[PDB]
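1. experimental structure and sequence below.
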Amino acid sequence: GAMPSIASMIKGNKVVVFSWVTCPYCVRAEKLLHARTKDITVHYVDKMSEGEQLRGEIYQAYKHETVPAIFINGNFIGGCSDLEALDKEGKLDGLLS
């Protein structure tokens, strides 16, 4: 909307992730991301006083609030399940270039 937030962070690395330290799905992603590349950044929005704004940027655009939220060259990936669904098909290896 009119007030800039997380949408700028997605341009500063090839892979960008938003996790919670307490979540298991966070770890399912963080494990596989370090297995497939070295070009990943992650933010822990449970450790962040503005984390409800960073969640609001995802919910106002995509009506979802479950973690991790995952991004690759500005394209959207709904979770570790949505990431692995491209790993299982050989298509994530074509995205990560």
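-> Nice, I can see it. Residues are numbered from 1 along each chain as shown.

2. A helix includes residue 30, no?
-> Yes - residue state for residue 30 (DSSP: H, G, I helix; E, B strand; the rest coil) corresponds to a helix.

3. what about it, neighbour count?
-> 17 (other CB atoms under 10 Å). Backbone N, C-alpha and C define where each C-beta goes, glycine included.

4. against residue 68, how distant is it?
-> Note on residue 30: its distance to residue 68, by CB to CB, to the nearest Å, is 8 Å.

5. which residues are in contact with each of these two?
-> 17, 19, 42 (CB atoms under 8 Å, 6 or more residues apart in numbering).

6. how about these in CSV, adding neighbour count and distance to residue 5?
-> Formatted as CSV, these follow (neighbours: other CB atoms under 10 Å; distance: CB to CB, whole Å):
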residue, neighbour count, distance to residue 5
17, 23, 16
19, 22, 17
42, 17, 17
